[PDB]
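Topology and contacts: notes
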Amino acid sequence: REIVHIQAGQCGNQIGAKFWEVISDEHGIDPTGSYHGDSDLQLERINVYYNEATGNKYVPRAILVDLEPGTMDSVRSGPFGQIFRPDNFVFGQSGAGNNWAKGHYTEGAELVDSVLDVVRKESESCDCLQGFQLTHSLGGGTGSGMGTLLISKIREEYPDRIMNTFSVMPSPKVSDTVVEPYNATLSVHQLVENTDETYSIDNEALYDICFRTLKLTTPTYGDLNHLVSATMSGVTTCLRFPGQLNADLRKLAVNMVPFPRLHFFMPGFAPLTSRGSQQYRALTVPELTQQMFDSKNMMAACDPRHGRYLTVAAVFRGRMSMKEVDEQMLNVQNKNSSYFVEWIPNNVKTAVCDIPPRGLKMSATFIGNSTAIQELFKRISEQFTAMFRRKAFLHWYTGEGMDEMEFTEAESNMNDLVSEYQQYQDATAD
Amino acid sequence: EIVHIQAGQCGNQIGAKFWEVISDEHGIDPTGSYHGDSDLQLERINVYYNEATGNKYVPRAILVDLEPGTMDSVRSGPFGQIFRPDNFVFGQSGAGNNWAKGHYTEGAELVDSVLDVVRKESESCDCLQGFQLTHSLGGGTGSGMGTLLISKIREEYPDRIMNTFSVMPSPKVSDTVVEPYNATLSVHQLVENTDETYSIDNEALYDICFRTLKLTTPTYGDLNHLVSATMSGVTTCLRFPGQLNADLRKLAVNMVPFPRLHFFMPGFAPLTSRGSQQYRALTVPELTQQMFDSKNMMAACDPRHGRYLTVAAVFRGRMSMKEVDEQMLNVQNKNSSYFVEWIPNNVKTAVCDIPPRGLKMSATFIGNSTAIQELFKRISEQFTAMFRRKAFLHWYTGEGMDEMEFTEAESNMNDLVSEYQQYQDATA
Amino acid sequence: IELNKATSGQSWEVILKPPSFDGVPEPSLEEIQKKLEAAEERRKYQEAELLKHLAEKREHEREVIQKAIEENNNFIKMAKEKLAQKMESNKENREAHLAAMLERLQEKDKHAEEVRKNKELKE
Amino acid sequence: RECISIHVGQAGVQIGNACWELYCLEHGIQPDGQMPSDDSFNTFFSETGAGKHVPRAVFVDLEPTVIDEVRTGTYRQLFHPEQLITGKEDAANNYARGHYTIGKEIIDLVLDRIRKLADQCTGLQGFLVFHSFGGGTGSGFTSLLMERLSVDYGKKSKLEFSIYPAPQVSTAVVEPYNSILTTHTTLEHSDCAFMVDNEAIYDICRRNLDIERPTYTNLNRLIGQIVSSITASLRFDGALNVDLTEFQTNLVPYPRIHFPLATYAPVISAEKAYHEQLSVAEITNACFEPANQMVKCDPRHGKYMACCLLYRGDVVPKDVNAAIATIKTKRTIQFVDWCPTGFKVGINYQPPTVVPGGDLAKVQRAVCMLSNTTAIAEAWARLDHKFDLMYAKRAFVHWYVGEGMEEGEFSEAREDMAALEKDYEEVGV
Amino acid sequence: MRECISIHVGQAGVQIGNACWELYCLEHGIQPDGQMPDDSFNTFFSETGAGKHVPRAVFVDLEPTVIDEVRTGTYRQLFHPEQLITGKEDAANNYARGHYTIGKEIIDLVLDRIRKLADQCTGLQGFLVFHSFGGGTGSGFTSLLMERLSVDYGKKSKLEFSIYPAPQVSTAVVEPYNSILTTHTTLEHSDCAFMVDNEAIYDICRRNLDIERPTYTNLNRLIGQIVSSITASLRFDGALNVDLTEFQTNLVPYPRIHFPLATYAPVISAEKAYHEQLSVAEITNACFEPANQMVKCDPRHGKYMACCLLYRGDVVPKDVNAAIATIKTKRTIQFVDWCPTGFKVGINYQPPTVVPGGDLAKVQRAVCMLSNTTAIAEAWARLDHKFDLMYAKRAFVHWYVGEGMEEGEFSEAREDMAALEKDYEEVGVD
Ligand SMILES: CC[C@H](C)[C@@H]([C@@H](CC(=O)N1CCC[C@H]1[C@H](OC)[C@@H](C)C(=O)N[C@@H](Cc1ccccc1)C(=O)O)OC)N(C)C(=O)[C@@H](NC(=O)C(C)(C)N)C(C)C
Ligand SMILES: Nc1nc2c(ncn2[C@@H]2O[C@H](COP(=O)(O)OP(=O)(O)OP(=O)(O)O)[C@@H](O)[C@H]2O)c(=O)[nH]1
Ligand SMILES: Nc1nc2c(ncn2[C@@H]2O[C@H](COP(=O)(O)OP(=O)(O)OP(=O)(O)O)[C@@H](O)[C@H]2O)c(=O)[nH]1
Ligand SMILES: COc1cc2c(c(OC)c1OC)-c1ccc(OC)c(=O)cc1[C@@H](NC(C)=O)CC2
Ligand SMILES: Nc1nc2c(ncn2[C@@H]2O[C@H](COP(=O)(O)OP(=O)(O)O)[C@@H](O)[C@H]2O)c(=O)[nH]1
Ligand SMILES: Nc1nc2c(ncn2[C@@H]2O[C@H](COP(=O)(O)OP(=O)(O)O)[C@@H](O)[C@H]2O)c(=O)[nH]1
Ligand SMILES: [Mg+2]
Ligand SMILES: [Mg+2]
């Protein structure tokens, strides 16, 4: 019935702010927090992401967390920044300094109980809370560390509820903080254990989209954060908008996750656009169905053609021929059956929304459990094991109290998931 | 005096058919009062009817059904008003074509209630002859609960003669699969609990309507009509005075030569269609040869297959005894092989110069031929089909019954099948 | 020849050929009261055996309608005694999961306190 | 001097309706009992304070209907309410039911009416029993009645009037069973028995009276008319057969062979062209032809041992012996070695009465004929085989043993019926 | 007298109930308030002091939205608030939840309304359970209720109307589990189960109603025609025939062997006009077209143990027997050497009442043929294979086991089916 969002660190609060900018217009809510839209389907399931207030005002069910008042201030002193309840801004002055230990163990731990004071208040005023939504930076410190600390600490207090995350995997292409594969792997070790599902927003794919496709020479965060939110309104479309289903986080989890460690989804929206560009010609259902299953469209830098889809959930928006949709989806699977597991009967499920997004007559979201997600993890271990070999930068972690073996404990927990993803990839029915 | 119990869907319909057929011959108008042409009717009228002092004639009929469907039909029926409102004993848990439900559980709940009626109804009788039961052998109330009272009554009045009119289940008529299971179980009881039993077969009944009356779509009304005829036709020696001067025990004494071999083969002449078309009188020889031919027997057996132990023949309608007698002695001279030689003068003729309603003649028959073991072979085989693979048995065993009851009841019938054989092959 | 004479009658033997052979030849109340009294025993015995055999069947029903009653009350035992186990076995299993996973967590909440300790140690 | 007539079950009861009908004709008694203007008629009629001559008769039936037809009849004013005995239900064609079952129930009571009948007697000769043979009641109770009358009224006569069964009449399948069991039980208790074959009465009503389908009444009309001829010698003042003990002597030489054959002439109808009435010379040749015989058994091939020619009315002794001599002239009539060849003739001067509103024609001269012939075993031989057939394969037996009887009683009776069939071989040499 | 408590369990179970109950209101001219202007219909409806005819039904669901659509619906008045039961959180397409975790919290209250309806039954016949084969509520809760009622009401008749899953008509990867799971737990508690293959209802709407993309109503309405055609015999008393439970005696040869196959005819759209009408000899032959069956199977290949024809409208014995004659010649209709070659007929007086403003047109003569053929077992194996496929790799199982289920419940349940497969194998032996 209800969802509690949280955002951690720089990226967390940056990608999270944008999600709240997109879904407010998608619901006819103004920067003031008041409703002024036409259709009443915009209010049918509004309870999900919004708290009803006085003066018939809506306020997002979101907590703003960071060990730095930076992004925190730019957001608050920004566009839709007025919309959020100022009390929920749980902002410390430490600064995890791109350190997992600083956020999860040391400086972050000091804050966490203050954050939890707020999550408890938001969960209380819920007819039925279904679960939590986390938007965070996987290479950082508050995002990566404190964010997973917060997970473990929430998963403790509410084991019965869904734990869904939007984790942004770092790329040496986008960020040159050398320690990222340490904070990356350290966070993976935590996700595989305390989240129902995870959307892998890989910063590598994100960049290549803006660079090679969108032809933006010097992509700004704005150009990447736009692709993130476009995917996020997409994946959340059925949770937010009424229709065919019903439309629960647990119903998805149950159907989309066959094995519990493997809940990392490879998102991948079609049609790819440049931040704030006017759309000329829209695409047809074949153009959509086709483009949406392209590696060139995945938000994680993995080739679905190198793997096998355990599950797929494709979400189409706008007004289109479903018989044409069913014609196309069954063309795709029935021609490329080799990429889908024989031992999961009917692994591809398609949902359609008549409400398309801003400036798009038609869009089409992709959520798949392709074993090819191993490529993302593989990468990370090769980056980590390169540094951990020469035991590089380690004193940044140890000096925070952190143990040497905690790294090797995470390195191999990470190394297991890859063999585990491979195991099911090679696995056959016969 | 006779007490007439009518059990089940079939038994109540069959019984009501006779209970209007006789009233026509006895002048008892649909409301209950005498109006007849002569007092030869009223002479032997205390046999079936009673007085509401006076006069209003009430039948000595007891109505029984585990469901109220069939009871409300009779109640509404043309001659419905004629019955005593305190003689309809009916439940709500409709037996549902289950001997076990009718015989045990459900019917056993209502048994005692019905016996109170017979107890009371036997009080008005100066000296009762016995009881008469009309019932079906395929269903629940009639097949099961019927056999139940038959035992209960045999206990309450041990010396009182047990008479039944039993329609036999056929694979042609009625689609209830269980039927051989109800029949076998009820034959078992009738073999030990009745003094005489009239074996009427729906196989034989459907075929008379079809092959003979030419009736292309035989309805129950057409089937039941042939039965009602044989019912009043065999009860002419009771209902109608003359040189006979006969009773239920006298009939049984002279008919049943060995206890268990008491199953009767009813017959008729002429085979008239329901309604259509009256007219065209029948000659004396015409009336005898018809009646004695397998194409005129309500029991589905060939008499030329067995051997007649004892025979009855009530000729109704205006005729001359020299004509009648001559043709009977003509028959025993011809069919010498099919009549038991070691039972001297075993073929009894009864006459009555009163024809039944409409037709101006009649010739009801009651053979006691060993051929009837073909009627029992039919059932026993139909049973053994389902039983060897124990199919639909759960329906029964779920009512508290054991597999052993079926084992025994079948075995007890095979003993009767074999017993009938002992005399079919018997030579003095 | 003559035999006798009367008012409204007369009689007279009339011989024809006399015999060739001169010479000619070559109930108790108690026993009826006993033989009758005996016949009634016989009649009253086989009719008493009938009564016995009928009263035997009267128990067969009293036994049959019982099987049906017992069969159902044991069915309702069997079913209720299944739910009792199933719901409890599940309550056992499910709660034993939630508590094992809160210990994994409890322990991985301790790892944190000893790190905040290993940091203080170094200082 | 007196005579009590007992009627057991339907046959004898119905036949005894015709008896006391003819008696009240020949005696001029009204169906009320009162009669206006030799005294021997009183051997059968006990006068009351109202001067009404109540018959010395006792009617018994195990079922109502039949005796109730008298209590309805013109002659209901004749008998007292006590003398007509009617139980609840008949023996249902069963000997064993009649005897041990319903017999026990009614015995004492029946003998009580007999006692009360015999209390008013100045020298009661015996009893004249009327019954069937194969009947439920006319076998079961009759043999039981003889059994206790022989004890209670010992050394006192019994004149059995029995109706032998025939398929030509209303017949029942068990009949030969009842017929043998009864004969064996009545055997030592009967002093003299008059067997009457129903088939013989049948054709006599057909060939002479011209009734192809004769009513029980029509058949009885003759039976009673031949019966009145046997009893004319008793109710009137005739010399021959004055006492019951005369038949027992005159006819019964060997005690066991006590079944005299009966013959009657003339066999005459009223609805036929009137002519010259029969004379003594005619009726003698008529009495010697079995076309008038009461039991169908050829005497021409059967040794005799007794004879009585009982004439009635306008008959004279010269013409009697004028006919007697002429019959020994042509016919040689075979007699046993131990017996004298001859007849004890007798004319009762009183006239032969016929029924007003009946078939029978008024004849001035008539003649009965009581004759003991070994040929009467040709009637038992018939019944013995029918009994032998059924019992051999044991058909119907279960009905009798269910009534309290034993299987022994069946064999017992036939073993003795064989003894009797041999006593006719031992005598008929 | 002859009372009948109908029970509707979640989404499929409830929605189907609304097509059923709307029809009955038409069949016996009942208005959506309960009033109306042969009282044998009172076996399903209960007349009140006001004369309002309230159904002998219970609408049960673990989430509110479905039952809410009845409380707000056209016939909001038609039922008691008590007889429309709703949990807050659904079973999340999971049996284990519906049966235990979630269902436990309602079960007790649910049985109370059943008992508070059982009182007004002067002489009850038994129950009519309508459910989904693959829903969390549809499967889990149904077996818990089937289990509980068999304690509560002992050996009373429980007659299921189970919706077999088809991929075309929604579905969810886990469904074969929820399918096999319930089948097992309910097998003892069922008296007679009327299987409905969602594909066969789809395939008909496609072929005969001509609908390219059927709405749930399009199918539910078609299904409700088949269901009323079954329960016609009970809501009416026709001299002509109409005699159910008696069919059940021939249909069910053994206790486990309780699944009859339905074959409704004629399914004709409101677009013919010229074709009208069809003789009895046409519709009798229609019943033997695999294309017309409720469950997709081949009884032209498999043996028979029953055949019962449920005629209605304009049916007169003469031709029924001529129709019956022609088929008994055709050597496809092959029975077992223990089961007679008889056809249990039953003609109704009332004509097939059609839904005003519907898809199907008014017919003179409607038929439905219940039959106990070994070709039904195909439905089991079809589902048992899909089960075995995911179950081998133990795919999705964790969600079940996480709710309290033993790994063995899944093995036990499969063996029972394999036994049932062997039971249909054994019976079809001569
Ligand atoms: C490919 C790597 C980056 C994506 C990118 C970008 C950083 C960025 O977007 N940054 C660095 C903080 C500010 C932000 C950007 O300025 C351009 C503002 C307008 C923005 O996107 N604002 C966001 C909000 C925001 C989000 C996240 C962080 C800060 C601000 C908005 O309004 O949408 O340009 C500097 N580039 C090319 C770089 O940072 C540089 N190259 C690199 O990254 C190397 C050398 C490979 N490490 C230089 C070539 C400049
Ligand atoms: N001649 C003659 N024979 C009769 C008469 N009534 C019956 N019979 C014969 O009697 C035999 C049967 O015996 P019934 O005396 O009639 O029977 P029952 O059982 O003694 O008498 P119920 O008490 O009426 O049952 C048959 O041979 C009949 O033909 C009659 O009036 N005259
Ligand atoms: N025939 C038919 N099938 C339906 C309908 N609604 C759902 N289904 C089927 O039901 C199955 C899914 O189960 P549901 O009954 O919808 O789920 P539930 O758990 O019972 O209900 P909720 O959890 O409350 O949503 C699928 O196989 C669907 O095809 C309907 O109206 N008609
Ligand atoms: C109450 O109805 C009847 C009762 C009886 C008989 C009978 O058939 C004529 C009846 O009519 C059906 C009867 C039957 C069979 C006999 O032998 C087979 C017999 O010897 C004798 C008879 C009957 N006796 C006569 C003289 O017909 C007595 C019993
Ligand atoms: N997609 C995206 N990546 C970002 C953004 N801001 C920072 N990052 C990424 O976040 C990671 C560093 O984490 P950061 O959010 O700065 O740290 P924190 O303040 O300790 O949570 C790097 O991998 C950056 O590429 C943003 O707005 N969008
Ligand atoms: N002749 C005839 N047979 C009938 C009638 N009704 C049903 N039957 C037969 O009765 C048998 C089934 O018993 P039934 O009377 O219906 O059941 P009950 O109500 O439980 O006694 C079958 O063999 C049917 O053929 C009827 O009125 N007449
Ligand atoms: Mg008698
Ligand atoms: Mg569900």
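Cut-offs used in this document
Residues numbered from 1 in each chain as written, not as in the entry; some residues may be left out. Chains lettered and ligands numbered in written order. Heavy atoms only, no water. Residues with missing side-chain atoms left out of burial classes, pairs and counts. UniProt positions renumbered as here; feature names shortened; annotations may be inferred. Helix = DSSP H or I, 4+ residues; strand = E, 2+ residues; numbered from the N terminus. Rg over C-alpha atoms; globule rule 2.2 N^0.38 Å. Expected span 1.5 Å × (residues − 1). Contact = heavy atoms within 4.5 Å. Patch = residues over 30% accessible without salt bridge, like charges linked within 9 Å, V, L, I, M, F, W, Y side chains within 5 Å. Areas by Shrake-Rupley, 256 points an atom, 1.4 Å probe, with all protein chains shown as cover. Salt bridge = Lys/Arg side-chain N within 4 Å of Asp/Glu carboxyl O. Buried < 20%, exposed > 50% of the residue type's maximum accessible area, 1.4 Å probe, protein only. Buried area = accessible area lost by both parts, 1.4 Å probe. Polar contact = N/O pair within 3.5 Å; in protein donor to acceptor, adjacent residues only side chain to side chain. Axes fitted to C-alpha atoms, helices over the stretch in contact; angles between N-to-C directions. Parallel < 35°, antiparallel > 145°, perpendicular 65-115°, else oblique. Left-handed = near helix turned anticlockwise from the far one by under 90°. Nonpolar A, V, L, I, M, F, W, Y, C, P; charged D, E, K, R; others polar. Near = heavy atom within 4 Å. Pairing = 2+ DSSP bridges. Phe/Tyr/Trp six-rings, centres within 6.5 Å; stacked < 30°, edge-to-face > 60°. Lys NZ or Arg CZ within 6 Å of the ring centre and 35° of its normal. Domains from an automatic or database assignment.

Labelled according to the PDB entry, chain E appears under the name Tubulin alpha chain, originating from Ovis aries. Within the Protein Data Bank, this record goes by the title "Discovery of cytotoxic Dolastatin 10 analogs with N-terminal modifications". You can read under Subcellular location (unreviewed entry) in the UniProt record for chain E the words "Cytoplasm, Cytoskeleton". Its UniProt record gives chain E a comment under Catalytic activity (unreviewed entry), which states: "GTP + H2O = GDP + phosphate + H(+)".

Where the PDB entry is consulted, chain C appears under the name Stathmin-4, with the organism given as Rattus norvegicus. What the UniProt record of chain C gives under Sequence similarities is the line "Belongs to the stathmin family."

We now examine the overall build of chain E. In terms of helices and strands, chain E carries 15 helices and 12 strands. Here chain E has a C-alpha radius of gyration of 21 Å; the compact-globule value for 430 residues is 22 Å, and the two agree. In terms of principal-axis extent, the alpha carbons of chain E reach across some 60 × 60 × 45 Å.

Now for helix α6 (residues 175-186) of chain E. Look at α6(E): 16 Å from first C-alpha to last across 12 residues, which is about the 16 Å you get at 1.5 Å a residue. Looking at the buried side of α6(E), the elements it contacts are α1 (29-122) of chain C together with α3 (95-99), α5 (136-152), α13 (377-392), α14 (397-401) and α15 (407-427) of chain E.

Moving on: a nonpolar patch on the surface. Residues and elements named next belong to chain A. A contiguous nonpolar surface patch, about 270 Å² in accessible area, is contributed by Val 178, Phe 393 and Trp 396. Here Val 178 lies in the loop between β7 (162-169) and α6 (180-194). For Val 178, a relative accessible area of 38% puts it in the partly exposed group.

The partner chain E presents 24 residues to the 15 residues of chain B that form the contact. Counting the surface lost from both chain B and chain E, the interface buries some 1600 Å², and carbon and sulfur atoms represent 57% of this. Ranking the residues of chain B by area buried against chain E places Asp175(B), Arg389(B) and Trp395(B) at the top, with a combined share of 38%. At the boundary of chain B with chain E, the tally comes to 0 salt bridges. Counting every contact that joins chain B to chain E gives 9 residue pairs in polar contact.

Pairing between side chains of opposite charge can happen when their charged atoms approach one another. Overall, the coordinates contain 114 salt bridges over all chains when judged by the stated rule. Across the pair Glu107(C) and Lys110(C) runs a salt bridge, and its minimum N-O distance is 2.8 Å. Remark: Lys110(C) and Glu107(C) occur in helix α1; sequence separation between them is 3 residues, near one turn of the helix. Note on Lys110(C): relative accessible area 41%, which makes it partly exposed. One salt bridge connects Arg382(D) with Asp197(D), and the closest N-O pair in it is separated by 2.8 Å. Remark: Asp197(D) occurs in strand β8 (residues 192-197) and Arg382(D) occurs in helix α10 (residues 377-392); sequence separation between them is 185 residues.

Here we come to the packing of helix α8 (residues 280-287) of chain D against helix α9 (residues 317-330) of chain D. Residue and element names in this part refer to chain D. Running from N to C, α8 and α9 point in directions that differ by 45°, and their axes come no closer than 8 Å. When the interaxial angle is binned, α8 and α9 end up oblique. The chirality of how α8 crosses α9 is right-handed. Only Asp 319, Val 320, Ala 323 and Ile 327 of α9 make contact with α8, whose side of the interface consists of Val 280, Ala 281, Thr 284 and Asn 285. Its residues placed into classes, the contact of α8 with α9 shows 5 nonpolar, 2 polar and 1 charged.

With that out of the way, let us pick up the site of ligand 6. Residue and element names in this part refer to chain B. Near ligand 6 there are 20 residues, and of these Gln 9, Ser 136, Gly 140, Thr 141 and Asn 224 occur at the shortest range. Interatomic distance of 3.2 Å between a side-chain N/O atom of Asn 202 and a nitrogen atom of ligand 6. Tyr 220 is positioned with one of its side-chain polar atoms (N or O) 3.4 Å from an oxygen atom of ligand 6. Protein contact buries 96% of the 580 Å² of open area that ligand 6 shows by itself. With 5 residues, the top contributor of residues to the shell around ligand 6 is helix α1 (residues 8-25).

A word on the site of ligand 1. Residues and elements named next belong to chain A. Taken together, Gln 10, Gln 14, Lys 173, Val 174, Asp 176, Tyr 207, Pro 219, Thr 220, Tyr 221, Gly 222, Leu 224 and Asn 225 form the complete shell of residues around ligand 1. Note that a nitrogen atom of ligand 1 is positioned 2.6 Å from one of the side-chain N or O atoms of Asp 176. Here an oxygen atom of ligand 1 and a backbone polar atom of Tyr 221 are 2.6 Å apart. When isolated, ligand 1 has an accessible area of 930 Å², and the protein chains bury 47% of it.

So, on to the interface of chain C and chain D. The interface of chain C with chain D comprises 30 residues on the first partner and 42 residues on the second. Of the charged contacts, one joins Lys104(D) and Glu40(C) as a salt bridge, the two residues approaching to 3.4 Å between their closest N and O atoms. Looking at the side of chain C that touches chain D residue by residue, the class counts come to 14 nonpolar, 9 polar and 7 charged. Pairing of strand β2 (residues 9-17) of chain C with strand β11 (residues 341-348) of chain D, which is carried by 6 bridges, proceeds in the antiparallel orientation. From the neighbouring strand, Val14(C) faces β11(D), where its bridge partner is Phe343(D).

The next thing to look at is the arrangement of the chains. The pair of protein chains exhibiting the most contacts, out of 7 pairs of chains in contact, is chains C and D. One thing to see here is that chain A and chain B don't touch, and their nearest C-alpha atoms sit 38 Å from each other. Regarding chain A and chain D, the two do not touch, and the least distance separating their C-alpha atoms is 78 Å.

Residues and elements named next belong to chain A. Evaluated as defined, the whole model comprises 101 aromatic pairs over all chains. Ring centres of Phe 384 and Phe 407 lie 6.3 Å apart, and the angle between their planes is 35°; on these two criteria the pair is classed as tilted. Here the residue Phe 384 occupies a position in helix α12 (residues 374-389), and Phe 407 occupies one in helix α14 (residues 405-426), the gap between them amounting to 23 residues. Neither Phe 384 nor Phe 407 differs from the other in exposure class; each is buried. Each ring, one from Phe 388 and one from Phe 407, has its centre 5.5 Å from the other, and the planes form 5°; the classification is stacked. With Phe 388 in helix α12 and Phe 407 in helix α14, the pair connects residues that are 19 residues apart, well separated along the chain. On the accessibility criterion, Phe 388 (8% relative accessible area) is buried. Its relative accessible area of 0% is what places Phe 407 among the buried residues. Joined through ring pairs, the aromatic side chains of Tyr 182, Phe 384, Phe 388, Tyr 397 and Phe 407 make up one cluster. Positioned over the ring face of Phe 89 is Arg 76, at 4.2 Å from the centre of the ring.

To continue, consider the domain arrangement of chain E. Residues and elements named next belong to chain E. Domain annotation for chain E reports domain 1 (1-260), domain 2 (261-375) and domain 3 (376-430). Put simply, the middle of domain 1 and the middle of domain 3, counted by C-alpha atoms, are 24 Å apart. Taken together, the 29 residues of domain 1 in the interface contact 30 residues of domain 3. Ranking the residues of domain 1 by area buried against domain 3 places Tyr 177, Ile 180 and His 184 at the top, with a combined share of 27%.

The next thing to look at is the side chain of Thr137(D). You can see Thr137(D) is positioned in helix α3 (residues 137-152). If sequence neighbours within four positions are ignored, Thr137(D) has contacts with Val8(D), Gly9(D), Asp61(D), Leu62(D), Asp90(D), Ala91(D) and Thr142(D).

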